[PDB]
Amino acid sequence: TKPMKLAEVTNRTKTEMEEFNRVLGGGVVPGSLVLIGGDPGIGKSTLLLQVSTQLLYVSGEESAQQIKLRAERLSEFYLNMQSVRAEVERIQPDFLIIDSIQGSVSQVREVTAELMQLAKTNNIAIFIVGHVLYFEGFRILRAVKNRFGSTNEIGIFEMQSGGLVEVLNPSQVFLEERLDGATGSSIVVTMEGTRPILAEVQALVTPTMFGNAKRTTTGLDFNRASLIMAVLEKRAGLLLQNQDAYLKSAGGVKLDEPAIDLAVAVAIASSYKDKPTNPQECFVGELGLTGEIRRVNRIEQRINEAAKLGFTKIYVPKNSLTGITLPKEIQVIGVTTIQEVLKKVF
Amino acid sequence: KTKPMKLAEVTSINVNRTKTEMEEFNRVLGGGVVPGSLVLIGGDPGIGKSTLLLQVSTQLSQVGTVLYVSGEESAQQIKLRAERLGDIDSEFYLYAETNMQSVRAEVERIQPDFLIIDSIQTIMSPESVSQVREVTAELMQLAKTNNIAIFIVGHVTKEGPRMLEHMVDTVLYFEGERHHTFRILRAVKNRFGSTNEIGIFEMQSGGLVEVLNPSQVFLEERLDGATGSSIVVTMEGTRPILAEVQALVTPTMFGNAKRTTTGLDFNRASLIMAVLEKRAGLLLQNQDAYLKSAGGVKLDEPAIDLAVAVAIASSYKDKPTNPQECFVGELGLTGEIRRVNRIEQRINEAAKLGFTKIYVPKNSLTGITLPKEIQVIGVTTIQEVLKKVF
Amino acid sequence: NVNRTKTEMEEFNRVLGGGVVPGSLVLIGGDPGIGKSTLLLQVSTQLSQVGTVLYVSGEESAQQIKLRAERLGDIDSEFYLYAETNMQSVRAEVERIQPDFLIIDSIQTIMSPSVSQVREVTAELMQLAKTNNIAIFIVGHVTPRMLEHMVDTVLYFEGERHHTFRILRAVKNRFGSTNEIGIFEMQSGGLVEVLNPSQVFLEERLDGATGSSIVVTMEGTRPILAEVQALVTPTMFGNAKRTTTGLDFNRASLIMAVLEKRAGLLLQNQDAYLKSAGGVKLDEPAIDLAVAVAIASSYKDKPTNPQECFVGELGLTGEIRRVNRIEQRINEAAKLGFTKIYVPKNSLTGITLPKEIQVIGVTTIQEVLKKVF
Amino acid sequence: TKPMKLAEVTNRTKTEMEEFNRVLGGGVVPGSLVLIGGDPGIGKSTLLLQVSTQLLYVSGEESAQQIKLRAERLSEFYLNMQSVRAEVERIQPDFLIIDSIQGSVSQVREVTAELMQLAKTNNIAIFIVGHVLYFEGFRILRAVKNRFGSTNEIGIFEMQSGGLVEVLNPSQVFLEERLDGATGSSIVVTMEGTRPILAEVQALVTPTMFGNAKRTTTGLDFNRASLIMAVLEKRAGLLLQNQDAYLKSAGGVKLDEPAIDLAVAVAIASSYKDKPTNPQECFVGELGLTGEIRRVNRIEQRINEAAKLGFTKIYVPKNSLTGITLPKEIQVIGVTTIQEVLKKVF
Amino acid sequence: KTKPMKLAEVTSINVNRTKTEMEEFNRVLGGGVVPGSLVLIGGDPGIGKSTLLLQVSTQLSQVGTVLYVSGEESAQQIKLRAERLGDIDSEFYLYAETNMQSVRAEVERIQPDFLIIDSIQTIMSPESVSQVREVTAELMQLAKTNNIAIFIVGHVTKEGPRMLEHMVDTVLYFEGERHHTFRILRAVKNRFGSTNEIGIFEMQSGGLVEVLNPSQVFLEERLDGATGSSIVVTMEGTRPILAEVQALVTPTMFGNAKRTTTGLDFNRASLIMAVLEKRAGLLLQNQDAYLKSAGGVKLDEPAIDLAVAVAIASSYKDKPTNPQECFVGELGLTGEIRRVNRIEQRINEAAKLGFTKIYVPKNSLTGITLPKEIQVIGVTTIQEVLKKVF
Ligand SMILES: Cc1cn([C@H]2C[C@H](O)[C@@H](COP(=O)(O)OP(=O)(O)O)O2)c(=O)[nH]c1=O
Ligand SMILES: Cc1cn([C@H]2C[C@H](O)[C@@H](COP(=O)(O)OP(=O)(O)O)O2)c(=O)[nH]c1=O
Ligand SMILES: Cc1cn([C@H]2C[C@H](O)[C@@H](COP(=O)(O)OP(=O)(O)O)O2)c(=O)[nH]c1=O
Ligand SMILES: Cc1cn([C@H]2C[C@H](O)[C@@H](COP(=O)(O)OP(=O)(O)O)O2)c(=O)[nH]c1=O
Ligand SMILES: Cc1cn([C@H]2C[C@H](O)[C@@H](COP(=O)(O)OP(=O)(O)O)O2)c(=O)[nH]c1=O
Ligand SMILES: [Mg+2]
Ligand SMILES: [Mg+2]
Ligand SMILES: [Mg+2]
Ligand SMILES: [Mg+2]
Ligand SMILES: [Mg+2]
């Protein structure tokens with residue numbers, strides 16, 4: 054390209074899989090190199106076979128007969152680089168898939195350089211498998251580097267007996283898991299670096315029978331929980347002095363971020379009170395020792411992620427909202443104190 | 053070229069700088085963008101260096117000619133971003149290409165007053187990591203061939223931005239922690255200005271919004287009858303981080319008095335309480351204490367002692383502290399407020415974030431010039447401080 | 066048989082072993098921000114009064130240095146400033162002006178066909201000191224230890240977080256002693272020398288401040304000087320408390336047992352809080368005596384002298400055992416303006432003692448506490 | 054050399074320093090390369106200046128005038152390699168010293195290869211300094251690799267105001283340190299890998315005043331000490347139940363070897379009993395839970411090292427002595443039970 | 053050279069081996085020294101590989117011709133050592149030189165039946187670490203050119223002996239822990255013998271003295287009324303280490319019953335005691351327990367459970383165990399004695415060190431051939447064991 058004025062800047070092949078299209082930023086662009094990365098066993102061959110049967120598949124990893132058995136469960144689909156190049160000029164295929172690019187590993191860098199120049203010689207879309234998209238564990247496909255789209259885009263799949271089944275409403279995973287009015291469960295939109303993870307905090311508050319009141323956490327910092335309880339007793343007015351408390355992060359998610367405080371406070375209160383929370387409402391906020399609900403980082407991302415996963419309410423810190431556009435699919439409730447929240451929730 | 057010259061005959065700078073609508077960004081560069089200069093913006097990925105440079109560029113395109121070079125994002129991607137940020141009916145040129153030879157050719161053609169390289173890591177040349191040091195050397199010589207201002211972006215990686227700091231004209235760092243919603247732009251090295259200058263910005267849905275008057279954020283963040291909150295100007299190496307200590311002192315009901323900290327060393331707090339009881343006279347023997355560093359900031363430096371002593375006392379006493387006053391000082395076991403390192407930097411940083419008082423150790427002030435925007439109170443004992451504060 | 070150039074700064078002269086030797090390479094090392102540029106600008110404005118100075122650096126601009134250097138000294142004298150980087154352009158100006166003193170403000174910021189190559193530039197600088205017979209100063213920001228073996232004098236400008244002293248020490252000196260130190264304090268103007276350091280230790284101490292004592296400990300080979308703090312107070316509750324910060328808890332526990340069983344202090348029913356001032360970790364046998372004296376001082380409510388310090392491992396029989404590097408510790412104490420130092424008596428066998436400090440060899444803890452209180 | 058029958062295999070320059078001679082295996086051999094290693098500041102220049110004034120000294124590290132000031136406190144002593156080689160042929164010196172051999187560091191390997199060939203061209207002894234002998238902290247000089255002697259040889263020095271003073275009786279270091287009949291001190295010949303270190307164990311047994319009996323160690327494993335006390339109470343009959351115990355390894359030596367058990371038991375008993383041990387007697391032995399004194403590794407080395415440092419008795423495990431020659435300067439007492447030892451000692 | 057051959061027509065070995073006076077060393081090599089073969093002796097520095105090879109060489113010089121090549125020690129040094137060890141009025145040649153080209157020339161000249169390389173690390177050649191693999195390859199071809207037995211020494215280093227194990231004829235390991243006064247020589251790989259063979263030696267003032275009858279060492283090491291001692295055949299990776307567990311059970315006097323371990327995991331011992339109380343019926347609630355692994359051997363393997371249960375019971379009961387019986391087995395919380403890995407190796411190792419009984423888990427024995435020198439008792443429950451033992 055040549056430099057170009059910004060006042061003068063502005068189509069793709071879609072698949073039946075809505076999620077896979079969003080990740081590529083609309084669909085498959087005809088002249089690029091797309092790399093799918095992930096651990097072996099995850100389903101990069103399975104995902105590419107499914108995209109291919111919808112849209119020349121080259122594999123050294125599995126045999127021709129093996130792929131036929133796989134791909135029927137899941142038209143002009145055709146199954151070293153010098154012997155490959157000859158077939159690219161002959162059939163002239165719009166889409167080329169290399170199942171496993173894998185001193186071959188030193189030569190891997192030199193093969194992919196020659197594949198990017200091959201995308202220009204014959205204007206074709208080429209998929210490369212690396213044992233930039235990353236397929237990692244439900245199953246998620248995320249765009250790490252995208253030249254023809256946004257990197258914040260995600261595609262959720264679940265591997266079943268047939269192959270990969272796309273996931274539209276991931277709110278229903280927590281909703282199926284919710285029992286008939288089960289207390290002491292709450293939801294937080296936490297962060298694993300930049301990825302917003304959505305997680306369930308669990309509490310079992312029960313009166314102590316003997317001597318010292320027990321406190322036990324799994325997945326949350328113990329001392330963080332200890333302070334939360336002091337703030338609930340001193341600010342919210344819950345008599346937790348003589349109550350045992352067991353706390354758990356469902357999944358074995360480590361929850362080590364200030365934003366999880368409010369969800370843990372609400373979980374405990376829910377168990378103490380024996381009043382359930384809504385399974386489509388979630389909570390985000392650091393809790394100060396004065397009862398205040400302090401600001402948190404990346405609030406816009408958290409609200410976005412909650413809405414997308416089918417949540418209806420989200421309690422956020424009120425100060426965090428200054429000049430942020432809120433999505434129409436989710437009720438954002440800014441709160442300022444813990445008392446205010448527990449009043450609203452119970 | 054420049055010549056060896058006697059210092060008495062060294063003439064004062066008579067530059068022509070280019071200002072942007074962002075008052076803060078100008079102060080940092082020491083007045084504005086100096087033409088024929090190399091400015092490096094460092095910081096973690098995601099903070100908003102591209103966003104800040106796109107905003108600066110859309111403003112500079114109104115008076116000069118901008119060439120924005122990005123290998124990192126595509127041309128179409130940037131157009132979607134930059135329309136939210138500003139106006140681009142002006143001479144703002146975009147070039148999504150990575151080889152310096154192909155860039156050089158376009159610099160001679162359009163002759164742009166301002167050049168931006170979005171990610172030096174993503175610019176190649178013959179002879186993506188080692189070769190960054192050689193590209194920036196060629197960029198400094200390019201600033202003199204055409205007399206243009208050039209901005210360089212340096213993402214701070216786990217391993218292999224701090225390497226180029228000694229060979230560029232201005233070094234800026236864009237940093238903004240998980241605990242603060244606000245991002246700060248600081249000048250680490252400035253050849254055309256002061257290094258104590260800072261620019262506060264808050265990333266909003268549109269892009270980065272400047273925070274002129276930050277004293278209003280701390281006042282909004284405090285509740286009505288706040289108590290047991292205090293502020294310390296701590297240090298994360300050389301970066302002065304400003305942090306809130308929280309204390310909940312409440313009488314014990316049970317047998318043993320509880321002590322629980324999060325973010326502060328437990329034993330450090332234990333000693334502080336002993337010094338408050340034995341020197342200041344607070345009956346804390348039968349009081350539970352919960353202590354928290356707001357934000358999840360680890361506070362592991364002697365200077366935090368006074369702020370924690372004041373926090374506790376504030377909760378014990380049920381008397382609030384001022385939200386625009388902060389405290390710096392190691393506390394000795396005799397009640398003394400001992401000296402701390404980098405006092406001048408801490409007082410500077412407090413003043414810039416809109417603080418009105420700062421309690422410092424009295425011994426630390428020997429021959430230090432104090433900024434006129436902040437009241438520096440040197441103290442010697444903990445009793446003295448608590449008398450002053452409550 | 067040598068003719069050195071002195072500066073008005075007595076301390077900086079002692080470090081170089083009398084003054085600036087002409088035709089020599091002196092490397093100043095340290096962290097960034099300590100004041101190597103500031104110290105060299107101050108020496109340069111003084112040396113410009115007798116010789117001819119050429120100050121080179123690309124780290125800061127010419128105009129920036131003028132604003133700094135007017136606060137620091139006088140500039141009506143032959144002081145030349147050259148904000149260049151590459152060498153070949155420098156060499157040409159050395160032959161022209163023929164300057165007696167050359168300063169390179171960051172060797173990291175100089176190129177010749186900018187860290188690996190740094191070794192080759194300093195080799196060419198040492199041969200340049202013979203071609204023109206000039207004194208040359210090299211600055212090495214510590215991120223400097225690579226050039227230490229190939230230069231004439233190696234200075235390190237050091238400053239721990241607890242002391243606002245900024246000490247200049249000679250690591251390797253071809254024209255002087257390596258024991259020499261120069262104490263400075265950075266003030267608003269620039270670096271102010273500290274000629275009587277004895278007066279600083281006598282501001283950091285309050286009036287009735289008991290339980291403070293001083294130890295000359297070691298951070299590898301660097302003798303660090305540190306303050307141990309104790310608060311002994313009667314227990315109110317059931318169990319007597321013991322809490323340390325910066326000292327090993329179990330080490331302190333034994334010290335108290337020895338003070339109760341040997342020295343006769345009733346500490347059983349006393350709470351004890353101990354702290355190493357500064358956040359210095361004190362993990363060396365030599366700190367035992369200072370901690371014992373600290374505790375006793377707080378217990379007894381009798382202060383120690385602020386210009387006396389204590390060195391010695393304390394045995395469980397009350398004995399004050401030998402410690403390593405005793406000659407270095409006595410030397411460092413003396414240089415920081417201390418008047419007494421209690422050392423183990425056995426450590427003194429055939430060691431020459433400096434005339435500026437009273438070295439007291441002790442054998443038991445009872446003996447020490449008798450002497451001290 | 055050519056291969057040679059063993060039935061057909063069989068002089069040096071000595072210095073006034075008996076210790077330095079032993080290390081080199083008799084004295085300085087005229088045609089070899091001796092490397093002295095150690096940390097900077099230790100005294101390798103000081104030791105070589107002292108050997109040289111007794112026996119061409121080449122230094123880039125210090126100036127000529129600096130060395131003259133040093134060497135007078137401490142005859143035909145004369146003070151890059153091409154300029155050096157020319158002076159070796161001229162003066163023809165029997166002994167050559169290179170003060171600091173220190185991309186010079188890559189070239190250091192190539193210079194020392196040329197120095198070993200220089201030892202043959204002109205049959206001379208050459209000393210090399212490396213910032233195989235190792236000088237490490244009293245101060246010790248040990249032979250790591252010796253072609254003309256034993257590697258177990260050691261030379262003890264003490265740096266004083268003049269320079270390095272040799273140490274003949276290191277028993278007198280512990281003897282000066284011993285007070286007038288001080289109880290609860292004992293000596294062990296332990297091992298730091300293969301180096302036999304000689305160390306002092308200290309005990310303060312004193313009756314408990316309140317509630318629980320205290321146990322505190324520094325330098326010894328706490329649990330090891332705990333077991334020792336159980337064995338002393340159950341086998342030896344010491345009523346330690348109601349006694350506090352403070353234990354210390356003098357020097358900050360870590361003592362983490364089974365052989366230290368007996369010394370610790372004797373230390374405790376000495377403090378309990380208020381009866382001192384002899385300062386020239388030492389103890390070696392693992393203590394079993396039945397009271398037995400079990401065998402230990404490297405017994406011959408330990409007895410050797412004790413004797414050399416001027417010890418008069420050594421209590422060892424009786425089983426360890428099977429077919430071992432005992433040095434005439436030290437009384438080796440083989441013991442079998444802890445009761446037997448305490449009977450003998452007190 | 054050798055040829056592809058049908059297994060029915062593969063003829064049995066008809067070698068001529070050379071025996072030494074050391075019965076143990078012969079067994080290890082599978083009868084004696086095979087001519088035209090490469091034997092590697094591995095082990096930590098200081099164990100006595102040079103000492104063992106000097107002793108073998110002084111014995112082999114009586115029937116063949118030995119060439120001992122050492123770069124590590126000098127010729128004069130070896131003469132002082134080797135006179136204490138044996139007789140050298142015989143054809144024993146010593147060559148203190150390190151380059152293989154200079155060695156080869158002397159092999160063709162003297163034509164020695166036995167060649168010893170003292171430290172392969174200290175032998176050089178063109179093209186001291188990488189090049190060891192190429193020297194040993196040239197040494198195996200040298201064994202066929204002249205038909206000689208060659209011994210190679212491999213010191214086991216922190217980092218960079224186990225590398226050559228796959229490319230030599232016999233692999234021996236000389237190992238002897240800080241806790242045992244005795245050193246053991248084991249065959250890891252043997253082309254001319256069994257790998258289960260072992261040679262026990264004790265280093266004495268002269269040199270290495272063989273330990274034929276080791277059953278006498280364990281009996282001398284036990285006191286008269288020993289009690290609370292038991293023996294386990296544990297594993298340090300693949301090396302079967304044989305270890306002594308010690309227990310002192312004694313009634314509590316104070317409030318809380320004490321439990322203290324050294325060398326065993328505390329919690330593992332705690333469970334064992336619970337299983338002894340609940341299944342075996344020992345009243346340990348009010349008994350203190352001190353447990354020790356003799357030697358400072360870390361015992362962190364499930365197989366040690368039974369030995370620790372037997373130790374405790376022996377001390378509780380005040381009834382000794384036999385010093386020539388040992389125990390192997392994980393103990394389940396139901397009192398069951400569960401299976402363990404490498405049972406055949408453990409039974410072998412016990413037998414070789416002169417043990418007469420070994421209690422093993424009964425399930426582990428399915429189709430395993432048992433050595434005739436040791437009584438293998440398969441057990442199923444802890445009650446069963448204690449019944450048998452006491
Ligand atoms: C399509 C398909 C795959 N599989 C199995 C076979 C594969 O080895 C396994 C993993 O899928 P695959 O896509 O081969 O993993 P990757 O390419 O990421 O290494 O799933 C089924 O069991 N049933 C199916 O229908
Ligand atoms: C300008 C803008 C950026 N963003 C996102 C896209 C960017 O990838 C992300 C981070 O900003 P960016 O400036 O790209 O970060 P870096 O410091 O790494 O250059 O913010 C929005 O969501 N909305 C916006 O209006
Ligand atoms: C001389 C002087 C310096 N300074 C500042 C400017 C310098 O950049 C800073 C640090 O000193 P500097 O000597 O540049 O540190 P170094 O060269 O060791 O890295 O001190 C003042 O604030 N006031 C002054 O009067
Ligand atoms: C000989 C001697 C040395 N010294 C000092 C100067 C040296 O820098 C220091 C260390 O000795 P040196 O032998 O130079 O150490 P090394 O060669 O091992 O690095 O001892 C004295 O103070 N007095 C003396 O009489
Ligand atoms: C033969 C013998 C060796 N030794 C010593 C010298 C040796 O360096 C040391 C260790 O034996 P050595 O066989 O050299 O060990 P390695 O396994 O490393 O070859 O034992 C004696 O003290 N006395 C002796 O009679
Ligand atoms: Mg696959
Ligand atoms: Mg960016
Ligand atoms: Mg500077
Ligand atoms: Mg030296
Ligand atoms: Mg050997």
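Chains as they are written, first to last, in the authors' numbering: chain B, 54 to 63, 68 to 112, 119 to 137, 142 to 146, 151 to 173, 185 to 213, 233 to 238, 244 to 452; chain A, 53 to 179, 186 to 218, 223 to 452; chain C, 66 to 178, 186 to 215, 223 to 452; chain B', 54 to 63, 68 to 112, 119 to 137, 142 to 146, 151 to 173, 185 to 213, 233 to 238, 244 to 452; chain A', 53 to 179, 186 to 218, 223 to 452. A prime marks a further copy of an entry chain.
Positions of the beta carbon are idealized from the N, C-alpha and C atoms, including for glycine.
Original post:
In terms of alpha-carbon separation, which member of A':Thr431, A':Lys71, A':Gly82 lies closest to A':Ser256?
Top reply: A':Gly82
Subject >> Residue span of the beta strand (DSSP E) that contains C:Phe389, given as start and end >> reply: 387-389
Original post:
Between the region 267-292 of chain A and chain B, which residues of the former have CB atoms less than 9 Å from a CB of the latter, in chain order?
Top reply: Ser267, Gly268, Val271, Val279, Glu282, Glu283, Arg284, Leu285, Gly287, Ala288, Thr289, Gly290, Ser291
**OP:** Look at the alpha carbon of A:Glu272 and the alpha carbon of A:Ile168, and state the distance between them as a whole number of angstroms.
**Re:** 21 Å
Original post:
For the candidate residues A':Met315, A':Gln278, A':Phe144, whose alpha-carbon lies nearest to that of B':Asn318?
Top reply: A':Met315
**OP:** Confirm the yes/no value for this check: CB of A:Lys101, any heavy atom of ligand 7, distance under 7 Å.
**Re:** yes
**OP:** If I'm right that C:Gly238 touches C:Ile99 with Cβ under 8 Å, what's the distance once you round it to whole angstroms?
**Re:** 6 Å
Subject >> Local Cβ density within 10 Å of A:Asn252, reported as buried at 16 or more and exposed below that >> reply: buried
Original post:
Do the region 303-312 of chain A' and the region 344-354 of chain A' touch if we need at least three Cβ pairs shorter than 8 Å?
Top reply: yes
Original post:
Excluding five sequence neighbours on each side, which residues of the same chain lie with their C-beta closer than 6 Å to the C-beta of B':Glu387?
Top reply: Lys419
**OP:** Could you tell me which residues DSSP pairs with A:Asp350 in its beta bridges?
**Re:** A:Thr312
Original post:
Taking three-plus beta-carbon pairs below 8 Å as touching, is the region 289-308 of chain B' in contact with the region 387-396 of chain C?
Top reply: yes
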